[PDB]
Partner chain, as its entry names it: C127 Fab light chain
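Read the single chain below, which is given as structure tokens and is the form deposited without the partner chain.
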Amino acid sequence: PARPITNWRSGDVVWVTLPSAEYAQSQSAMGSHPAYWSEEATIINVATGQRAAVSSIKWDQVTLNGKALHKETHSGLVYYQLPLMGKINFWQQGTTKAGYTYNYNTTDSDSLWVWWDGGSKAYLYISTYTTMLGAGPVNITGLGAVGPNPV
């Protein structure tokens, strides 16, 4: 059977869709820097072909290289980190209008962050510098390579 969507490995390719994404000026888990986020996001492991709604995944069971994801609580809410190698690339769905991240001209690598209440609701966040794709709602597609476990 195919590797489950909850099992990630370094070097995996992650394709994400953020339907009706909204702009947040300050993402608590991203150093209070801006982010686009969606509550109807889907996540795809491109090489394995497996996929699921982000809100369908139990994020405290997701692993990267067999290790639980790093998690942080900010203002009482829990966020889970899927680190990348390189940056997160995103654009307006169906267009060539690209977004860019907060650290758009640094050598910093990005991370996907997921808020999960422990039930069947979850928000996917991607770093953005500003409202270059609008304040929302805007359909956004994202693409990254899963990175190593954070020290």
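Numbering follows the first chain given and starts at 1.
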Going by the mean C-alpha B-factor recorded in the entry, which is higher: 95-103 or 113-121?
113-121
With B-factors read from the PDB entry, the higher C-alpha mean of 59-67 and 24-32 is in 24-32
Relative C-alpha B-factor of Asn149, binned into the chain's lowest, middle or highest third
highest
Report the third (lowest, middle or highest) to which the CA temperature factor of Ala52 belongs, ranking only the modelled residues of the same chain.
highest
Cα B factor band for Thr130 (lowest, middle or highest third within the chain):
highest
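Below, we turn to the form solved in complex with the partner chain, even though it does not appear here.
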Candidate spot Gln61, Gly66 and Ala68, all three touching the partner chain in the deposited bound form (heavy atom, 4.5 Å)
no
Is there a heavy atom of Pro19 no more than 4.5 Å from a heavy atom of the partner chain in the deposited bound form?
no
Find out whether any non-hydrogen atom of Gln50 is located within 4.5 angstroms of the partner chain in the deposited bound form, and reply yes or no.
no
Would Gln92 sit within 4.5 Å of the partner chain in the deposited bound form, counting heavy atoms only?
yes
Can you name the residues of 122-151 that have a non-hydrogen atom within 4.5 angstroms of the partner chain in the deposited bound form?
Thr131, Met132, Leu133, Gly134, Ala135, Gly136, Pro137, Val138
